[PDB]
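Beneath this line is the structure, given in structure tokens, with notes to follow.
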Number of protein chains: 2
Amino acid sequence: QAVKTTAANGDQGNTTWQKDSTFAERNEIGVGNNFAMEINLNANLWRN
Amino acid sequence: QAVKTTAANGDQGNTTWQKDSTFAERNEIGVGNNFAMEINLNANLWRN
């Protein structure tokens, strides 16, 4: 959920109001290296 | 889970008893396209 900086006169920074007046509420987002799978090709070819 | 048409006097298609008298109660059924993991092949080989 998007957030918007508070008056932030002194530390209310992360402290923030809802940004819902600007963005949606539930919004997708994924963090970190992307998931994947791994495999070998050439060795499998030769094995077959 | 499963069912059967009721006495069908009117608008009773979804109006249903439990047909599972003849079936199981938690039969496994999938929805939509199956899971998949795409991977390009030729360019990978050439790059190797």
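Ordering of the structure tokens sets the chain letters (A, B, ...); residue numbers start at 1 within each chain; ligands are numbered from 1 in the order shown.
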
Contact residues (chain A, partner chain B, 12 Å, only C-alpha atoms) as number ranges by chain: A: 35-43, 45

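For residue A:22, the set of protein, DNA and RNA residues having any atom at most 10 Å away, when counting only C-alpha atoms and skipping those fewer than 6 positions along the same chain, is residues 2, 3 and 4 of chain A.
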
Fit target chain B, mobile chain A, all Cα in order, as a compact mmCIF listing (two decimals) with N, CA, C and O atoms, in the first residue's frame:
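Heads up, here's the output in superposed34.txt:
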# COMPACT_ATOMS: atom_id res chain seq x y z
N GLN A 1 -17.06 -31.00 -5.00
CA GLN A 1 -18.06 -31.98 -4.58
C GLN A 1 -19.15 -32.08 -5.63
O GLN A 1 -19.79 -31.08 -5.96
N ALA A 2 -19.37 -33.30 -6.13
CA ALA A 2 -20.36 -33.52 -7.17
C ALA A 2 -21.75 -33.18 -6.67
O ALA A 2 -22.07 -33.32 -5.49
N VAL A 3 -22.59 -32.70 -7.59
CA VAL A 3 -23.94 -32.28 -7.27
C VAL A 3 -24.89 -32.92 -8.28
O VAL A 3 -24.50 -33.27 -9.39
N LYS A 4 -26.15 -33.08 -7.87
CA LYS A 4 -27.15 -33.70 -8.72
C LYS A 4 -28.39 -32.83 -8.76
O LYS A 4 -28.89 -32.41 -7.72
N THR A 5 -28.88 -32.57 -9.97
CA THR A 5 -29.97 -31.63 -10.18
C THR A 5 -31.14 -31.92 -9.24
O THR A 5 -31.52 -33.08 -9.05
N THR A 6 -31.71 -30.86 -8.68
CA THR A 6 -32.89 -30.99 -7.83
C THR A 6 -34.08 -31.37 -8.70
O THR A 6 -33.96 -31.64 -9.90
N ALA A 7 -35.27 -31.41 -8.08
CA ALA A 7 -36.48 -31.73 -8.84
C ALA A 7 -36.64 -30.80 -10.03
O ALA A 7 -37.22 -31.19 -11.05
N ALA A 8 -36.13 -29.57 -9.92
CA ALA A 8 -35.92 -28.68 -11.05
C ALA A 8 -37.22 -28.37 -11.79
O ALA A 8 -37.21 -28.10 -13.00
N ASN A 9 -38.35 -28.41 -11.08
CA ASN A 9 -39.62 -28.07 -11.71
C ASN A 9 -39.60 -26.63 -12.22
O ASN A 9 -40.10 -26.35 -13.32
N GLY A 10 -38.89 -25.76 -11.50
CA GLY A 10 -38.76 -24.38 -11.95
C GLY A 10 -37.58 -23.64 -11.33
O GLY A 10 -37.80 -22.91 -10.37
N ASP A 11 -36.36 -23.85 -11.83
CA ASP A 11 -35.16 -23.10 -11.36
C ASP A 11 -34.24 -23.81 -10.34
O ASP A 11 -33.09 -23.41 -10.17
N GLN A 12 -34.73 -24.82 -9.65
CA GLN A 12 -33.83 -25.54 -8.77
C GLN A 12 -33.04 -26.41 -9.69
O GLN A 12 -33.37 -27.57 -9.85
N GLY A 13 -32.02 -25.86 -10.34
CA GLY A 13 -31.22 -26.61 -11.32
C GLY A 13 -29.80 -26.66 -10.85
O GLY A 13 -29.23 -27.73 -10.61
N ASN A 14 -29.19 -25.50 -10.74
CA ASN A 14 -27.91 -25.47 -10.14
C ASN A 14 -28.30 -26.02 -8.82
O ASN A 14 -27.62 -26.88 -8.29
N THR A 15 -29.41 -25.53 -8.27
CA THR A 15 -29.94 -26.04 -7.02
C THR A 15 -29.89 -27.50 -7.07
O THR A 15 -30.54 -28.13 -7.90
N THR A 16 -29.13 -28.09 -6.19
CA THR A 16 -29.01 -29.49 -6.33
C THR A 16 -28.69 -30.18 -5.09
O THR A 16 -28.04 -29.64 -4.20
N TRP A 17 -29.13 -31.40 -5.04
CA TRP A 17 -28.80 -32.21 -3.89
C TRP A 17 -27.35 -32.67 -3.98
O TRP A 17 -26.70 -32.56 -5.03
N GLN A 18 -26.84 -33.18 -2.87
CA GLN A 18 -25.53 -33.81 -2.89
C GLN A 18 -25.57 -35.04 -3.78
O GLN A 18 -26.48 -35.87 -3.68
N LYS A 19 -24.57 -35.17 -4.64
CA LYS A 19 -24.42 -36.33 -5.50
C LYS A 19 -23.64 -37.44 -4.82
O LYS A 19 -23.26 -38.41 -5.49
N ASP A 20 -23.42 -37.33 -3.51
CA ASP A 20 -22.54 -38.24 -2.79
C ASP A 20 -22.98 -39.69 -2.92
O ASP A 20 -22.14 -40.59 -2.80
N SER A 21 -24.26 -39.94 -3.16
CA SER A 21 -24.71 -41.29 -3.45
C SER A 21 -24.14 -41.82 -4.75
O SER A 21 -24.24 -43.03 -5.00
N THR A 22 -23.56 -40.97 -5.58
CA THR A 22 -22.94 -41.38 -6.83
C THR A 22 -21.44 -41.23 -6.84
O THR A 22 -20.74 -42.12 -7.33
N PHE A 23 -20.92 -40.12 -6.33
CA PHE A 23 -19.50 -39.81 -6.41
C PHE A 23 -18.96 -39.50 -5.02
O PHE A 23 -19.70 -39.35 -4.05
N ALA A 24 -17.64 -39.39 -4.94
CA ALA A 24 -16.98 -39.07 -3.69
C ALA A 24 -17.25 -37.61 -3.32
O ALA A 24 -17.99 -36.89 -3.99
N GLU A 25 -16.71 -37.24 -2.17
CA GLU A 25 -16.99 -35.93 -1.66
C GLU A 25 -15.95 -34.96 -2.04
O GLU A 25 -16.19 -34.08 -2.85
N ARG A 26 -14.78 -35.09 -1.45
CA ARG A 26 -13.72 -34.22 -1.88
C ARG A 26 -13.21 -34.78 -3.18
O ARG A 26 -12.65 -35.87 -3.18
N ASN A 27 -13.38 -34.09 -4.30
CA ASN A 27 -12.78 -34.61 -5.54
C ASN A 27 -11.95 -33.58 -6.22
O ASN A 27 -12.35 -32.42 -6.30
N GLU A 28 -10.81 -34.00 -6.72
CA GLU A 28 -9.89 -33.05 -7.32
C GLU A 28 -10.37 -32.52 -8.62
O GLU A 28 -11.12 -33.17 -9.32
N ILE A 29 -9.91 -31.33 -8.95
CA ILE A 29 -10.28 -30.73 -10.21
C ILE A 29 -9.59 -29.39 -10.29
O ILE A 29 -9.58 -28.63 -9.33
N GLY A 30 -8.97 -29.11 -11.43
CA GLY A 30 -8.31 -27.83 -11.65
C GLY A 30 -8.85 -27.15 -12.88
O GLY A 30 -9.10 -27.81 -13.90
N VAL A 31 -9.03 -25.84 -12.83
CA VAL A 31 -9.73 -25.10 -13.87
C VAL A 31 -8.83 -23.99 -14.38
O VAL A 31 -8.17 -23.30 -13.60
N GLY A 32 -8.82 -23.81 -15.70
CA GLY A 32 -8.02 -22.80 -16.36
C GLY A 32 -6.87 -23.43 -17.11
O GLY A 32 -6.63 -24.64 -17.06
N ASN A 33 -6.15 -22.57 -17.83
CA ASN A 33 -4.96 -23.03 -18.53
C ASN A 33 -3.97 -23.61 -17.53
O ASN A 33 -3.88 -23.16 -16.39
N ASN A 34 -3.26 -24.64 -17.95
CA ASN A 34 -2.37 -25.34 -17.04
C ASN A 34 -1.14 -24.51 -16.73
O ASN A 34 -0.59 -23.82 -17.59
N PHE A 35 -0.70 -24.59 -15.48
CA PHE A 35 0.53 -23.94 -15.05
C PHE A 35 1.73 -24.59 -15.72
O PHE A 35 1.72 -25.78 -16.03
N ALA A 36 2.78 -23.79 -15.92
CA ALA A 36 3.98 -24.27 -16.60
C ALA A 36 5.11 -23.28 -16.35
O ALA A 36 4.94 -22.26 -15.67
N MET A 37 6.26 -23.58 -16.92
CA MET A 37 7.41 -22.69 -16.94
C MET A 37 7.90 -22.57 -18.38
O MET A 37 7.58 -23.40 -19.23
N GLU A 38 8.70 -21.54 -18.65
CA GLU A 38 9.13 -21.27 -20.01
C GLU A 38 10.63 -21.03 -20.04
O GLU A 38 11.23 -20.61 -19.05
N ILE A 39 11.24 -21.31 -21.20
CA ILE A 39 12.68 -21.18 -21.35
C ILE A 39 13.02 -21.15 -22.83
O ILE A 39 12.24 -21.62 -23.67
N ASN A 40 14.17 -20.58 -23.16
CA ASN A 40 14.75 -20.67 -24.49
C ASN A 40 15.88 -21.69 -24.48
O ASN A 40 16.57 -21.87 -23.48
N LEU A 41 16.07 -22.36 -25.62
CA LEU A 41 17.11 -23.37 -25.75
C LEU A 41 18.24 -22.92 -26.67
O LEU A 41 19.40 -22.88 -26.24
N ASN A 42 17.93 -22.57 -27.91
CA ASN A 42 18.97 -22.35 -28.90
C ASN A 42 19.86 -21.17 -28.51
O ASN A 42 21.09 -21.27 -28.56
N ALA A 43 19.25 -20.06 -28.12
CA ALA A 43 20.04 -18.89 -27.76
C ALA A 43 20.95 -19.20 -26.58
O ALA A 43 22.11 -18.77 -26.56
N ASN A 44 20.46 -19.96 -25.61
CA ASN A 44 21.31 -20.34 -24.49
C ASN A 44 22.48 -21.20 -24.95
O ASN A 44 23.61 -21.02 -24.49
N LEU A 45 22.22 -22.14 -25.86
CA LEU A 45 23.28 -22.97 -26.40
C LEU A 45 24.37 -22.12 -27.04
O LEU A 45 25.56 -22.28 -26.75
N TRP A 46 23.96 -21.22 -27.93
CA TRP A 46 24.94 -20.39 -28.61
C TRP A 46 25.69 -19.51 -27.62
O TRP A 46 26.90 -19.30 -27.75
N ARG A 47 24.98 -19.01 -26.60
CA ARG A 47 25.64 -18.17 -25.60
C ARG A 47 26.72 -18.95 -24.87
O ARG A 47 27.82 -18.43 -24.65
N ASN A 48 26.44 -20.19 -24.50
CA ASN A 48 27.45 -21.01 -23.82
C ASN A 48 28.63 -21.27 -24.74
O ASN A 48 29.80 -21.16 -24.33

DSSP-assigned strand (DSSP E) members of chain B, reported as a PyMOL selection string: chain B and resi 3-5+16-18

Members of chain B assigned helix (DSSP H, G or I) by DSSP, as a list in words: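 Matching residues for helix (DSSP H, G or I) in chain B are residues 19, 20, 21, 42, 43, 44, 45, 46 and 47 of chain B.
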